[PDB]
Amino acid sequence: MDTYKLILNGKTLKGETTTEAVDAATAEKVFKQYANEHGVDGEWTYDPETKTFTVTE
């Protein structure tokens, strides 16, 4: 399965993680779970070229 990346641009907490999934929509569920539970949710952007989501708090 394709690999999707998550870049977390938090005010204090910053990092990156990945998940493998059938498509970006499916991967995004994991990433939303992650950002929400870690209190670093914010504005989302998706880049199809790099299969990367960025969330900026």
# chains A, B, ... in the order shown; residues from 1 in each chain; ligands from 1
$ residues_around --residues "residue 16 (chain A)" --least-positions-apart "4" --cutoff "8 Å" --atoms "only C-alpha atoms" --output "VMD selection string"
chain A and resid 5 to 8
$ write_last_selection --atoms "C-alpha atoms" --output "PDB file, in the first residue's frame"
ATOM      1  CA  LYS A   5       3.363  11.178   5.528  1.00  0.00           C
ATOM      2  CA  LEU A   6       2.110  13.491   8.275  1.00  0.00           C
ATOM      3  CA  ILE A   7       4.074  16.638   9.133  1.00  0.00           C
ATOM      4  CA  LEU A   8       3.024  18.151  12.463  1.00  0.00           C
TER       5      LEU A   8
END
$ closest_residue --among "A:17, A:42, A:51, A:11" --to "residue 30 (chain A)" --atoms "only C-alpha atoms"
A:17
$ closest_residue --among "A:19, A:9, A:3, A:26" --to "residue 50 (chain A)" --atoms "only C-alpha atoms"
A:3
$ atom_distance --atom1 "CA of residue 13 (chain A)" --atom2 "CA of residue 1 (chain A)"
28.5 Å
$ atom_distance --atom1 "CA of residue 10 (chain A)" --atom2 "CA of residue 31 (chain A)"
14.0 Å
